[PDB]
């Protein structure tokens, strides 16, 4: 990723990261609206869709997605970037093994994250592609740590 691309990610991230609560809720509500089976993994599985963002555990997970991306973006373009991303995302992958989060489930979330960011920062196609390169990189890291069903390899 060239220096222009890193800068673009950093600068466009400033908008959605300014509001972790709303931005994370946009991601996670969309995930559950499109792909409701994923609700069942959480303790808030029976909370009505319109009430999800009021649930504290929903808010915690929503905020985690934003914060982990923020941590990831912070390391870009500087020494140790690849190592630090591998660390971050390997740990995320292993953390979900006890919840059998499948590769399909991750891929469901992937498209929703990119959708939310594209809208939030008004990304053009080229800018969205730069974001997709980052996300695909981190997904490579996740996916070398799990089988298709989300178990350890």
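Numbering follows the first chain given and starts at 1.
- Stretch comparison (43-51 versus 83-91) by mean CA B-factor in the PDB entry places 43-51 on top.
- Residues shown: 141, 17, 25, 132. Highest C-alpha temperature factor in the entry: 132.
- Within the selection 99, 34, 103, 110, the deposited Cα B-factor values reach their highest point at 110.
- Residue 62 sits in the highest third of its chain by CA B factor, as recorded in the PDB entry.
- Residue 122 sits in the highest third of its chain by CA B factor, as recorded in the PDB entry.
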